[PDB]
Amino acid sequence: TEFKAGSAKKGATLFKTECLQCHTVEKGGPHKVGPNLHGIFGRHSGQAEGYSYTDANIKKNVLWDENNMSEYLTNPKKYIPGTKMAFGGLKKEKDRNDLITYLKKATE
């Protein structure tokens, strides 16, 4: 995948509709169905403190960046078979770029 910097404004809306159900982004924010996402970029997968992950999410051991995040969010179970993230994916390229542009800011 080839991430291109988009609109964090549009991305914030996408996060609210597609992700917020299962995730928070703020430092010190709570785990929900899914892990809090603060500090995700530049950290290996399956490491949010206090959250119990699948073996698949831990053993993937991917250093998250904008490009591999874009592949993951296209089709989560295809990138990490055995995941328990029940999200089908964002099939539209502009949606992935906008979402990731937001996530880079919101998880810092």
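Don't overthink the numbering: it's just position in the shown sequence, from 1.
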| item | value |
| --- | --- |
| Relative C-alpha B-factor of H44, binned into the chain's lowest, middle or highest third | middle |
| Third of the chain's Cα B-factor distribution that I58 belongs to, per the entry | highest |
| Chain-wide C-alpha B factor ranking for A8, given as lowest, middle or highest third | middle |
| Within-chain third of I80 by Cα B-factor, per the entry | middle |
| CA B-factor placement of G34, once the chain's modelled residues are sorted into thirds | middle |
